[PDB]
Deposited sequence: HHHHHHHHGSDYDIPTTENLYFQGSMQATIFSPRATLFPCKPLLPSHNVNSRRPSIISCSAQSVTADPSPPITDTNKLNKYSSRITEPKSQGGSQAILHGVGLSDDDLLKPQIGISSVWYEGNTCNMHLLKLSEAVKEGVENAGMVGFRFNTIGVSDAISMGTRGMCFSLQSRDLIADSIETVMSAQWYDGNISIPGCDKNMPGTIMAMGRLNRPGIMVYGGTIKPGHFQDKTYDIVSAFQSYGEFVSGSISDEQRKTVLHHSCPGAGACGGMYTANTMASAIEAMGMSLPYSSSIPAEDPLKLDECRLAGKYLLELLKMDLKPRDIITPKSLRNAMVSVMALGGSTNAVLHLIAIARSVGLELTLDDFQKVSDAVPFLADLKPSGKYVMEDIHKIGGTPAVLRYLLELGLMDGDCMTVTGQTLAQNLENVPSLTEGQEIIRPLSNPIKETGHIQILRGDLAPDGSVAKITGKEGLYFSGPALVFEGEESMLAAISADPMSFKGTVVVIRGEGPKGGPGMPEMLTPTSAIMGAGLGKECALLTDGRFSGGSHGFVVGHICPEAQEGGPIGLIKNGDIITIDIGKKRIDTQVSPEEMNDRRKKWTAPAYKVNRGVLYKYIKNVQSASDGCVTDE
């Protein structure tokens, strides 16, 4: 990985010394005096404090207050804090609209934004404060690219809330060692969240002293630890995209098959929404994410040797945290899991030769077969089920043209599943897409996407499609020869945009099986 400037040693200001020390950078030193730094301040490490505050989301509107507390803690630790802020967007607002095409890519825009500031200003370390919206992997990606000491302070989940994308990624990033213990489970606005904010500077100081960097913390074993927490907690299928993108940001490899092997190895244990009963605050009340990881470590499912942002290993952090409170019913014992293996399932077969991702409870059966009902986007599928719902009974519904390039932006879709459920068809049809979905067979991330000429773009109404969970295949009864005949006659649709951020995304984005990374 070659992305960002190299430092010009046991100095704690390895990067900011580029502009604070040499006399040829007096213009830099003059601006720093202008923003409040004294001569003694020029000797100190400089920490970029990157929040994702914005007022259009309950999950993000309070983060300036957290950023202020982080800055106070950085100053108390003998360093200089520089706050800055990037954008984020709310899926709760945009779900069901074309605004959702802008959501996933904002992860990669946040990564670009933080990388840009840290690189241009020569900051020695970063503390990032994402909210409980869905873009927090972008902060970790920036840290991986820069490879300067960093800590992610989760804004916290709003209490009344289950293992959706934010709770999934926050817990996974804590399990990965990139957030302090309890960061993922302390509720938003809890007094202890402000205290964590004020302590991040102390911990980051120690990481600068150790020079413990993101590529020292994010390793194949800590990536596995993150995947273990996703499987054990029933986390979102979006975690496949984000953990692959994080792995690539530190120069590591992570494939769909790696997820399948952890899923096969780790039972689903957490009685948490959407699958189960409880929410993250209920986990907070029984000992939090550290208690959960402590149990998983005792079961031998995690590697305790991995270094973390506390400056100690995972096992050392967990050695003395209170265990799961006696009698709790949220985390099942190994003997009575909610599912023998993980919920996340990778499927290939004729129609998803490069992979796809399903959440499988184990209660939907092992097979589905039905004639294809094909739609070129969410809108026409919803119109059809409104006007003629019984035409859907027994079908495999295909919503295509919703991938990274075709959508564009790989939008997440909620209305198709609630419309199917509203019509009484939940177990009576299957749902397939090259995009993403938010009681039957539901498969997303199908690769190659229709816009790229993948077999999903060649399906016709009436083709018999068979989903086989045991074989992990989505097949068609159409012969491979006739599928190749259709491929020969296929032409890519025109892109839906020709300018702006989404056109750049089309130009840059890789497949869903590659985590939709944009910088390769």
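- In this chain the deposited sequence has gaps in the coordinates at 1 to 63, 72 to 74, 227 to 270, 549 to 551, listed in sequence order.
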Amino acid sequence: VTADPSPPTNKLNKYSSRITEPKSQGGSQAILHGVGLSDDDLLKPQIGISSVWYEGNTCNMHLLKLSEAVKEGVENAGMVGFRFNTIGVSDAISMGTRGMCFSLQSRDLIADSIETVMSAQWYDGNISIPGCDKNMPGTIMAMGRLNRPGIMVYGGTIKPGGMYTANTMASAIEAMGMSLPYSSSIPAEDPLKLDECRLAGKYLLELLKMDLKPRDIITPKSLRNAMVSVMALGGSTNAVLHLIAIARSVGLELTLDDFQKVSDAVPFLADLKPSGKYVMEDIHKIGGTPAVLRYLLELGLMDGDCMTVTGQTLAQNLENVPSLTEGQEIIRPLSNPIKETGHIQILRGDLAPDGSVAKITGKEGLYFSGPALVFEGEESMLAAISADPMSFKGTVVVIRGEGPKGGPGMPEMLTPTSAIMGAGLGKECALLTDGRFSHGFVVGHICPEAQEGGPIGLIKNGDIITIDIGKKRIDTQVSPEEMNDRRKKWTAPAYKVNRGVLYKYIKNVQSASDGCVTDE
From here on, numbers count along this sequence of modelled residues.
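- Here the stretch with the larger average CA B-factor, out of 241 to 249 and 265 to 273, is 265 to 273.
- Comparing 502 to 510 with 18 to 26, the higher mean C-alpha B-factor in the PDB entry belongs to 18 to 26.
- Of the candidates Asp257, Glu412, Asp388, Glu449, the PDB record gives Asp388 the highest C-alpha temperature factor.
- By the numbers in the PDB entry, the CA B factor is greatest at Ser38 among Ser67, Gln477, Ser38, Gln46.
- Remark: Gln312 belongs to the highest third of its chain, ranked by C-alpha B-factor as recorded.
- Among the modelled residues of the chain, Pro353 sits in the middle third by CA temperature factor in this PDB entry.
- Per the deposited record, the Cα B-factor of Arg83 falls in the lowest third when ranked against the other modelled residues of its chain.
- Remark: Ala3 belongs to the middle third of its chain, ranked by C-alpha B-factor as recorded.
- Per the deposited record, the Cα B-factor of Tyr164 falls in the highest third when ranked against the other modelled residues of its chain.
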